[PDB]
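Below, read A as the first sequence line, B as the second, and so on, with proteins coming before strands; counting in each chain starts at 1. Side chains included, hydrogens not; waters and symmetry mates left out as well; all remaining heavy atoms used.
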Amino acid sequence: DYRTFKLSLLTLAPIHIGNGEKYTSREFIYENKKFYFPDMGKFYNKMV
RNA sequence: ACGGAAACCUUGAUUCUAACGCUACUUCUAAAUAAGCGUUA
């Protein structure tokens, strides 16, 4: 009594779904032609 | 020097045996972390 469909989604453009949170500029590094988002806990552990 | 004297209403006995506060029941129902970019330059 159940019908199952498969929906294949091909993005034709950028698609953003947020969670309400935002990276601040004190949280990512722009270098080597890339944006690096480190883990803040790991960064702090290496910085202590 | 009294129809009086002497004489335990006393001994032994478990208010005990058996028995599920149990049977059935979805913390469930819909819901894009999303909308607006004006005016000046």
Side-chain angles (χ1 to χ4, degrees), chain A residues 2-48:
Chain A
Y2 285 3
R3 293 171 82 173
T4 303
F5 306 79
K6 188 180 77 170
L7 187 135
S8 305
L9 183 62
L10 169 83
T11 73
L12 299 195
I15 287 184
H16 171 78
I17 304 178
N19 49 17
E21 294 173 349
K22 292 181 181 179
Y23 287 120
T24 196
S25 66
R26 305 198 220 119
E27 293 179 353
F28 55 87
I29 297 89
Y30 176 43
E31 69 165 0
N32 302 351
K33 274 318 190 213
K34 68 181 178 67
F35 284 85
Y36 173 50
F37 302 89
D39 170 346
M40 295 298 102
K42 294 181 176 67
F43 189 94
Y44 184 74
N45 277 337
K46 297 296 289 183
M47 295 296 172
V48 307

* To do: Please check if atom NZ in A/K34 has more than 12 non-hydrogen atoms from other residues, nucleotides or ligands closer than 6.0 Å.
  => yes

* **By side chain to side chain contact (heavy atoms under 4.5 Å, CB included) - contacts of A/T24 (at least two apart)** => A/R26, A/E27

* Structure fact -> The remaining residues in the hydrophobic cluster of A/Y36, counting side-chain heavy-atom contacts under 4.5 Å among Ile, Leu, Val, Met, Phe, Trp and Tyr, are A/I29

* **All side-chain hydrogen bond (donor to acceptor under 3.5 Å, both in side chains) counterparts of A/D39, not counting sequence neighbours** => A/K42

* Give every residue pair that meets the ring pair (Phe, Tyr, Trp, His ring centres under 6.0 Å) criterion with at least one member in residues 5-26 of chain A, sequence neighbours excluded. => A/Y23-A/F37

* Asked: With clusters built from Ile, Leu, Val, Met, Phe, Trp and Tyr whose side-chain heavy atoms come within less than 4.5 Å, directly or transitively, what are the remaining members of the cluster of A/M40, listed by chain and number?
  -> none

* For A/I17, does the CD1 atom sit with more than 12 other heavy atoms under 6.0 Å from it, leaving out its own atoms? -> no

* Mark yes when over 12 heavy atoms from residues, nucleotides or ligands other than A/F28 sit less than 6.0 Å from its CZ; otherwise mark no. => yes

* Structure fact -> Hits for side-chain hydrogen bond (donor to acceptor under 3.5 Å, both in side chains) against A/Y30, two or more places apart or cross-chain, chain-then-number order -> A/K33

* Supply the members, apart from A/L12, of the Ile/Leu/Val/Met/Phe/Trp/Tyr cluster built from side-chain contacts under 4.5 Å; use none for a lone residue. => A/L10

